[PDB]
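Q: File structure_6.cif below, mmCIF, C-alpha atoms and all ligand atoms:
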data_final
loop_
_atom_site.label_atom_id
_atom_site.label_comp_id
_atom_site.auth_asym_id
_atom_site.auth_seq_id
_atom_site.Cartn_x
_atom_site.Cartn_y
_atom_site.Cartn_z
CA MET A 1 0.00 0.00 0.00
CA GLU A 2 3.08 2.20 0.47
CA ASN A 3 4.37 1.31 -2.99
CA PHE A 4 1.26 2.71 -4.68
CA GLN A 5 0.29 6.29 -5.42
CA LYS A 6 -3.50 5.95 -5.45
CA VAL A 7 -4.79 8.11 -8.31
CA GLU A 8 -8.58 7.84 -8.03
CA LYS A 9 -11.21 5.62 -6.43
CA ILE A 10 -12.58 3.50 -9.27
CA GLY A 11 -15.47 2.20 -7.18
CA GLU A 12 -16.62 -0.14 -4.42
CA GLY A 13 -17.24 -3.81 -5.10
CA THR A 14 -18.77 -6.83 -3.40
CA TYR A 15 -15.39 -7.56 -1.82
CA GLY A 16 -13.74 -4.17 -1.56
CA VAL A 17 -12.76 -0.81 -2.99
CA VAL A 18 -10.84 -0.59 -6.25
CA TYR A 19 -8.48 2.28 -6.99
CA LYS A 20 -6.58 3.33 -10.07
CA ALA A 21 -3.02 3.39 -8.78
CA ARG A 22 0.52 3.94 -9.99
CA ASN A 23 3.28 1.53 -8.98
CA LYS A 24 5.89 3.92 -7.54
CA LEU A 25 8.55 1.42 -8.61
CA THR A 26 7.67 0.23 -12.12
CA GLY A 27 5.66 3.39 -12.79
CA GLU A 28 2.90 1.26 -14.29
CA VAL A 29 -0.81 2.06 -13.80
CA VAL A 30 -2.84 -0.72 -12.18
CA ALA A 31 -6.18 -1.47 -10.53
CA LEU A 32 -5.63 -1.87 -6.79
CA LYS A 33 -8.29 -3.77 -4.84
CA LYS A 34 -8.46 -3.59 -1.04
CA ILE A 35 -10.33 -6.66 0.23
CA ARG A 36 -12.95 -5.79 2.85
CA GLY A 43 -6.41 -12.14 10.03
CA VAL A 44 -6.95 -13.11 6.39
CA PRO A 45 -8.11 -16.75 6.19
CA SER A 46 -5.31 -19.03 4.99
CA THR A 47 -7.86 -20.84 2.85
CA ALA A 48 -8.61 -17.60 0.97
CA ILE A 49 -4.89 -16.89 0.66
CA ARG A 50 -4.38 -20.23 -1.06
CA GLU A 51 -7.55 -19.81 -3.16
CA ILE A 52 -6.40 -16.40 -4.41
CA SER A 53 -2.91 -17.70 -5.23
CA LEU A 54 -4.67 -20.25 -7.44
CA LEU A 55 -6.43 -17.55 -9.48
CA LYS A 56 -3.05 -15.95 -10.16
CA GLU A 57 -2.16 -18.82 -12.49
CA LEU A 58 -5.46 -18.55 -14.38
CA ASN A 59 -4.44 -16.59 -17.50
CA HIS A 60 -6.68 -15.96 -20.52
CA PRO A 61 -7.16 -13.11 -23.04
CA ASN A 62 -10.67 -12.43 -21.76
CA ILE A 63 -9.99 -12.40 -18.03
CA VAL A 64 -8.64 -9.38 -16.14
CA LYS A 65 -5.12 -10.46 -15.23
CA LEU A 66 -4.33 -10.72 -11.52
CA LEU A 67 -0.80 -9.31 -11.28
CA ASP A 68 0.06 -9.47 -7.58
CA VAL A 69 -1.39 -10.52 -4.24
CA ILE A 70 -0.16 -8.32 -1.40
CA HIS A 71 -0.65 -9.83 2.02
CA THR A 72 1.01 -7.61 4.62
CA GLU A 73 0.09 -6.26 8.05
CA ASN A 74 -2.79 -8.75 8.01
CA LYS A 75 -4.23 -6.80 5.08
CA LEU A 76 -5.10 -8.09 1.62
CA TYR A 77 -4.69 -6.11 -1.59
CA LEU A 78 -5.00 -7.48 -5.12
CA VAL A 79 -3.23 -5.84 -8.06
CA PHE A 80 -5.00 -6.25 -11.43
CA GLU A 81 -4.11 -5.02 -14.92
CA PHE A 82 -5.82 -1.69 -15.67
CA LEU A 83 -8.42 -1.43 -18.41
CA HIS A 84 -9.87 1.51 -20.29
CA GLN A 85 -13.60 1.46 -19.45
CA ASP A 86 -16.39 -0.75 -18.05
CA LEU A 87 -19.37 -2.00 -20.13
CA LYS A 88 -21.99 -0.14 -18.05
CA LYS A 89 -20.36 3.22 -18.79
CA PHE A 90 -19.99 2.25 -22.44
CA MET A 91 -23.66 1.22 -22.70
CA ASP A 92 -24.71 4.53 -21.13
CA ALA A 93 -22.60 6.46 -23.62
CA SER A 94 -24.29 4.47 -26.40
CA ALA A 95 -27.81 4.90 -25.01
CA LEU A 96 -29.05 7.13 -27.83
CA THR A 97 -28.02 4.91 -30.75
CA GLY A 98 -27.36 1.60 -29.04
CA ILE A 99 -24.34 -0.65 -29.51
CA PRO A 100 -23.95 -1.88 -33.11
CA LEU A 101 -24.85 -5.56 -33.44
CA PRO A 102 -21.44 -6.55 -34.85
CA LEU A 103 -19.85 -5.33 -31.61
CA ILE A 104 -22.51 -6.91 -29.39
CA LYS A 105 -21.84 -10.21 -31.15
CA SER A 106 -18.09 -9.73 -30.71
CA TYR A 107 -18.30 -9.00 -26.97
CA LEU A 108 -20.66 -11.94 -26.36
CA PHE A 109 -18.36 -14.30 -28.28
CA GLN A 110 -15.34 -13.20 -26.22
CA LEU A 111 -17.20 -13.37 -22.90
CA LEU A 112 -18.29 -16.91 -23.72
CA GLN A 113 -14.65 -17.81 -24.46
CA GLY A 114 -13.74 -16.38 -21.07
CA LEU A 115 -16.48 -18.33 -19.28
CA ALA A 116 -15.72 -21.55 -21.15
CA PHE A 117 -12.15 -21.18 -19.83
CA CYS A 118 -13.16 -20.46 -16.23
CA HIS A 119 -15.79 -23.18 -16.26
CA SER A 120 -13.35 -25.78 -17.61
CA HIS A 121 -11.17 -25.02 -14.56
CA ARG A 122 -14.31 -25.27 -12.39
CA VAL A 123 -14.23 -21.57 -11.48
CA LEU A 124 -17.59 -19.77 -11.30
CA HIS A 125 -18.26 -16.05 -11.26
CA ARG A 126 -21.64 -15.94 -9.53
CA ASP A 127 -21.98 -12.17 -9.87
CA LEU A 128 -21.64 -11.12 -13.50
CA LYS A 129 -22.95 -7.65 -14.31
CA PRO A 130 -22.03 -4.95 -16.82
CA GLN A 131 -19.94 -3.09 -14.22
CA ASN A 132 -17.76 -6.23 -13.94
CA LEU A 133 -17.05 -6.36 -17.68
CA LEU A 134 -14.09 -4.31 -18.90
CA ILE A 135 -13.23 -3.18 -22.42
CA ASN A 136 -10.23 -1.54 -24.10
CA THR A 137 -9.57 0.47 -27.27
CA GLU A 138 -8.57 -2.70 -29.15
CA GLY A 139 -12.05 -4.23 -29.20
CA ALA A 140 -11.43 -6.77 -26.43
CA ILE A 141 -13.63 -7.30 -23.38
CA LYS A 142 -12.62 -9.01 -20.13
CA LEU A 143 -14.29 -10.42 -17.02
CA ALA A 144 -13.27 -8.95 -13.64
CA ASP A 145 -13.86 -10.51 -10.17
CA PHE A 146 -13.67 -14.09 -11.46
CA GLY A 147 -13.24 -16.48 -8.54
CA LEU A 148 -13.43 -14.01 -5.65
CA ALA A 149 -16.82 -15.39 -4.56
CA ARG A 150 -15.37 -18.82 -3.78
CA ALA A 151 -12.14 -17.70 -2.09
CA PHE A 152 -13.99 -15.15 0.03
CA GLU A 162 -27.46 -1.60 0.65
CA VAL A 163 -28.69 -1.32 -2.95
CA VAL A 164 -27.01 -4.49 -4.25
CA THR A 165 -28.11 -5.24 -7.83
CA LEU A 166 -30.07 -8.48 -8.19
CA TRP A 167 -30.97 -8.05 -11.87
CA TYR A 168 -28.59 -10.74 -13.19
CA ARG A 169 -29.16 -13.40 -10.54
CA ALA A 170 -30.29 -16.84 -11.74
CA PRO A 171 -33.67 -18.28 -10.59
CA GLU A 172 -32.14 -21.20 -8.67
CA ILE A 173 -30.18 -18.79 -6.47
CA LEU A 174 -33.29 -16.74 -5.72
CA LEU A 175 -35.20 -19.93 -4.87
CA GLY A 176 -32.66 -20.92 -2.21
CA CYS A 177 -30.55 -23.57 -3.96
CA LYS A 178 -27.25 -23.80 -2.07
CA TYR A 179 -25.21 -25.70 -4.65
CA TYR A 180 -25.38 -23.63 -7.81
CA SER A 181 -23.38 -24.50 -10.93
CA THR A 182 -21.61 -22.84 -13.86
CA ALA A 183 -25.09 -22.40 -15.32
CA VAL A 184 -25.67 -19.35 -13.10
CA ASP A 185 -23.07 -17.44 -15.15
CA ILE A 186 -24.78 -18.33 -18.41
CA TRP A 187 -28.05 -16.90 -17.05
CA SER A 188 -26.43 -13.61 -16.05
CA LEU A 189 -24.73 -13.36 -19.45
CA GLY A 190 -28.10 -14.02 -21.07
CA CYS A 191 -29.52 -11.02 -19.19
CA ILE A 192 -26.59 -8.79 -20.17
CA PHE A 193 -26.98 -9.87 -23.82
CA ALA A 194 -30.66 -8.83 -23.85
CA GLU A 195 -29.84 -5.52 -22.16
CA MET A 196 -27.20 -4.61 -24.77
CA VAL A 197 -29.70 -5.29 -27.56
CA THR A 198 -32.77 -3.51 -26.18
CA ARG A 199 -30.96 -0.91 -24.04
CA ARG A 200 -33.20 -1.73 -21.06
CA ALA A 201 -32.43 -4.10 -18.20
CA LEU A 202 -34.34 -7.37 -18.72
CA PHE A 203 -35.40 -8.06 -15.10
CA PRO A 204 -34.80 -4.91 -12.98
CA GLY A 205 -36.13 -6.11 -9.63
CA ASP A 206 -35.75 -4.10 -6.45
CA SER A 207 -36.00 -7.06 -4.04
CA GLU A 208 -35.52 -10.84 -4.19
CA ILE A 209 -39.22 -11.54 -4.49
CA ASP A 210 -39.77 -8.67 -6.94
CA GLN A 211 -36.85 -10.00 -8.99
CA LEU A 212 -38.30 -13.50 -8.98
CA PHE A 213 -41.76 -12.28 -10.00
CA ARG A 214 -40.37 -10.16 -12.85
CA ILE A 215 -38.68 -13.31 -14.17
CA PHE A 216 -41.91 -15.32 -13.75
CA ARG A 217 -44.00 -12.65 -15.49
CA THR A 218 -41.79 -12.78 -18.59
CA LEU A 219 -40.77 -16.43 -18.86
CA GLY A 220 -43.83 -17.85 -17.10
CA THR A 221 -44.12 -19.35 -13.65
CA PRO A 222 -42.02 -22.53 -13.68
CA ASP A 223 -43.49 -25.93 -12.77
CA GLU A 224 -42.41 -29.56 -12.61
CA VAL A 225 -42.86 -29.88 -16.38
CA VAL A 226 -40.33 -27.26 -17.47
CA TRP A 227 -38.15 -27.59 -14.35
CA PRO A 228 -38.21 -30.96 -12.53
CA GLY A 229 -37.61 -30.46 -8.81
CA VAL A 230 -38.53 -26.77 -8.73
CA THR A 231 -41.43 -27.23 -6.26
CA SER A 232 -38.96 -28.75 -3.81
CA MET A 233 -36.61 -25.75 -3.80
CA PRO A 234 -36.01 -24.25 -0.32
CA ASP A 235 -37.78 -20.95 -1.03
CA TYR A 236 -40.43 -22.16 -3.45
CA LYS A 237 -44.02 -21.43 -2.37
CA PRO A 238 -47.10 -23.22 -3.75
CA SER A 239 -48.75 -19.82 -3.44
CA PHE A 240 -46.66 -18.18 -6.18
CA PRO A 241 -48.97 -16.67 -8.82
CA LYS A 242 -49.25 -18.54 -12.12
CA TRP A 243 -48.06 -16.34 -14.99
CA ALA A 244 -47.88 -17.46 -18.62
CA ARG A 245 -44.76 -17.28 -20.76
CA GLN A 246 -44.46 -14.35 -23.17
CA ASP A 247 -43.24 -14.43 -26.77
CA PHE A 248 -39.53 -13.75 -27.15
CA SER A 249 -40.32 -11.62 -30.20
CA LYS A 250 -41.89 -9.24 -27.69
CA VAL A 251 -39.09 -9.47 -25.11
CA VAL A 252 -36.20 -8.66 -27.47
CA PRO A 253 -37.81 -7.23 -30.67
CA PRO A 254 -34.69 -6.14 -32.60
CA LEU A 255 -32.83 -9.46 -32.27
CA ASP A 256 -32.91 -11.88 -35.24
CA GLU A 257 -34.09 -15.47 -34.86
CA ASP A 258 -30.61 -16.94 -34.39
CA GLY A 259 -30.05 -14.43 -31.61
CA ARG A 260 -33.38 -15.22 -29.99
CA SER A 261 -32.85 -18.97 -30.13
CA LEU A 262 -29.47 -18.59 -28.42
CA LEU A 263 -30.90 -16.28 -25.78
CA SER A 264 -33.78 -18.63 -24.95
CA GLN A 265 -31.27 -21.46 -24.42
CA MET A 266 -29.30 -19.24 -22.03
CA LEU A 267 -32.47 -18.44 -20.09
CA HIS A 268 -33.91 -21.94 -19.62
CA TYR A 269 -35.23 -22.37 -16.07
CA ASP A 270 -33.64 -25.80 -15.50
CA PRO A 271 -29.89 -25.23 -14.90
CA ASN A 272 -29.27 -28.65 -16.46
CA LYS A 273 -30.98 -27.72 -19.75
CA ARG A 274 -29.36 -24.27 -19.89
CA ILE A 275 -26.75 -24.07 -22.67
CA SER A 276 -23.06 -24.29 -21.73
CA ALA A 277 -20.52 -21.66 -22.80
CA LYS A 278 -18.67 -24.22 -24.96
CA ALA A 279 -21.81 -25.23 -26.85
CA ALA A 280 -22.91 -21.61 -27.16
CA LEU A 281 -19.66 -20.82 -28.99
CA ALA A 282 -20.78 -23.17 -31.75
CA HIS A 283 -24.22 -21.61 -32.13
CA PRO A 284 -25.15 -20.35 -35.64
CA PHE A 285 -25.37 -16.79 -34.25
CA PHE A 286 -21.57 -16.57 -34.23
CA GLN A 287 -21.24 -17.77 -37.83
CA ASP A 288 -20.36 -14.27 -39.08
CA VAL A 289 -18.63 -12.97 -35.96
CA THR A 290 -15.92 -10.34 -36.46
CA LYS A 291 -13.93 -8.08 -34.17
CA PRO A 292 -14.76 -4.40 -34.78
CA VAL A 293 -13.19 -1.56 -32.79
CA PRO A 294 -15.44 0.49 -30.49
CA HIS A 295 -15.45 4.27 -30.43
CA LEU A 296 -14.42 5.00 -26.85
CA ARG A 297 -14.42 8.36 -25.12
CA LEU A 298 -11.82 8.14 -22.34
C1 LIG A 301 -11.49 2.93 -16.53
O1 LIG A 301 -12.22 2.34 -15.45
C2 LIG A 301 -11.98 1.04 -14.94
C3 LIG A 301 -10.74 0.28 -15.20
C4 LIG A 301 -10.49 -1.01 -14.54
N1 LIG A 301 -9.29 -1.75 -14.78
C5 LIG A 301 -9.03 -2.96 -14.16
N2 LIG A 301 -9.92 -3.51 -13.25
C6 LIG A 301 -11.16 -2.87 -12.86
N3 LIG A 301 -11.97 -3.47 -11.87
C7 LIG A 301 -11.93 -4.62 -11.07
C8 LIG A 301 -10.85 -5.67 -11.05
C9 LIG A 301 -10.97 -6.85 -10.18
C10 LIG A 301 -12.13 -6.99 -9.28
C11 LIG A 301 -13.16 -5.94 -9.24
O2 LIG A 301 -14.19 -6.05 -8.33
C12 LIG A 301 -13.08 -4.79 -10.16
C13 LIG A 301 -11.53 -1.60 -13.55
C14 LIG A 301 -12.80 -0.87 -13.38
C15 LIG A 301 -13.04 0.45 -14.05
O3 LIG A 301 -14.23 1.22 -13.87
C16 LIG A 301 -15.27 0.78 -13.00
#
The structure in this file should be written as structure tokens.
Ligand SMILES: COc1cc2ncnc(Nc3cccc(O)c3)c2cc1OC
A:
Amino acid sequence: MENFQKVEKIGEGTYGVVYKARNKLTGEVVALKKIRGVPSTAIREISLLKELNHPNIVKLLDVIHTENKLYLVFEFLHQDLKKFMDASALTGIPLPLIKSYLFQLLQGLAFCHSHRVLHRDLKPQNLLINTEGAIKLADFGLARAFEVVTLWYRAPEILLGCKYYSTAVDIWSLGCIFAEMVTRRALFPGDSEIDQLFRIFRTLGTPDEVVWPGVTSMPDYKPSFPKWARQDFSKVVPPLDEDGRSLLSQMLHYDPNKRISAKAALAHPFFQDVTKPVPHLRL
């Protein structure tokens, strides 16, 4: 913490505050994260993430454990997807770029998932982009090792009390982000766990044993939940073509076991014509 000249506070996260900082030694600019004695288990878990390198994952540079304090040093990126989406609010993000970012994110998740590492809290603020047209996932693996908290991207099984969620929860969140980029409106903007759940039910229909075997036996499932019918996807995400809609529906299946995997999603027809355009960024 003495070797860094904190520039600005980049924002608070689920596990701590992140600052843009300059390494007094190397002179390099990095993202410094102060985790909110430090469990040895976490120490070892973190060290593991340090050897998890991939083009679409924010690189963990150093783990500083001193004075019973824990700081993580990450590579610094140009902007986050939420800020980019806001700046593109009036015209929306061009489809070629949306398709490019989704393709890369799926590559990143396929990599994490193959190493059995889940995110569990994907959201646009956690996705970082640079001037080169790349996009990377931040916070990967911190959930395992370690007021107004956004619930918009949380999978149904987590809201229903399932304690052993799988990699499928990340696919759900990505599905929600995908729809948001296309329509420019959050898909399920709930303000509470039950409101979130009901917004999901009102759009995709109240789940039952037919579409999701075992759902009525979930810890927080109530037989008294209202019975809403499923809406047409053409209504939910109007501007998306049929290949896009078919992919999205597979990412938003209620049953975690039927939900498409990142690996299989990479082979979907939607990515047939994928390219890598450069975004116009205002830094
Ligand atoms: C130019 O702005 C930003 C640049 C960033 N560069 C690297 N990491 C970030 N965040 C990060 C890294 C690991 C865990 C975590 O919770 C968050 C950033 C966020 C920014 O803006 C929000």
Q: Rounded to one decimal place, report the atom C3 of ligand LIG 301 (chain A)-CA of residue 120 in chain A distance in Å.
A: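 Answer for the atom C3 of ligand LIG 301 (chain A) to CA of residue 120 in chain A separation: 26.3 Å.
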Q: As a PyMOL selection string, please: every protein or nucleic acid residue near ligand LIG 301 (chain A) (cut-off 7 Å, counting all atoms listed in the file).
A: chain A and resi 10-11+13-15+18+30-31+33+64+80-86+131-132+134+144-145
Q: Which is closest to residue 111 in chain A among A:281, A:175, A:66, A:194, if we use only C-alpha atoms?
A: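 For residue 111 in chain A, the nearest of the candidates is A:281.
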Q: Nearest to residue 105 in chain A: which of A:184, A:196, A:266, A:76 is it, counting all atoms listed in the file?
A: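 Looking only at the distances to residue 105 in chain A, the closest residue turns out to be A:196.
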Q: In terms of the shortest atom-to-atom distance over only C-alpha atoms, which of A:220, A:238, A:147, A:229 is closest to residue 63 in chain A?
A: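 Result for the nearest residue to residue 63 in chain A: A:147.
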Q: Distance CA of residue 93 in chain A-CA of residue 297 in chain A, one decimal place?
A: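 It comes out at 8.5 Å.
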Q: Mind listing whatever residues come within 12 Å of the point (-0.1, -19.8, -11.2)? Use all atoms listed in the file, file coordinates, and give them as a PyMOL selection string.
A: chain A and resi 50-59+65-69
Q: Counting all atoms listed in the file, which residue out of A:272, A:249, A:265, A:231 sits closest to residue 176 in chain A?
A: A:231
Q: For the atom pair CA of residue 44 in chain A and CA of residue 71 in chain A, what is the interatomic distance in Å to one decimal place?
A: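 About the pair CA of residue 44 in chain A and CA of residue 71 in chain A: they are 8.3 Å apart.
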Q: What lies within 6 Å of range 3-5 of chain A using all atoms listed in the file, ignoring chain neighbours under 6 positions off, as a JSON list (two decimals) with C-alpha atoms, in the frame of the given file?
A:
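The new file out_3.json reads:
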[["chain", "number", "residue", "atom", "x", "y", "z"],
["A", 21, "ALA", "CA", -3.02, 3.39, -8.78],
["A", 22, "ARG", "CA", 0.52, 3.94, -9.99],
["A", 23, "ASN", "CA", 3.28, 1.53, -8.98],
["A", 24, "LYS", "CA", 5.89, 3.92, -7.54]]
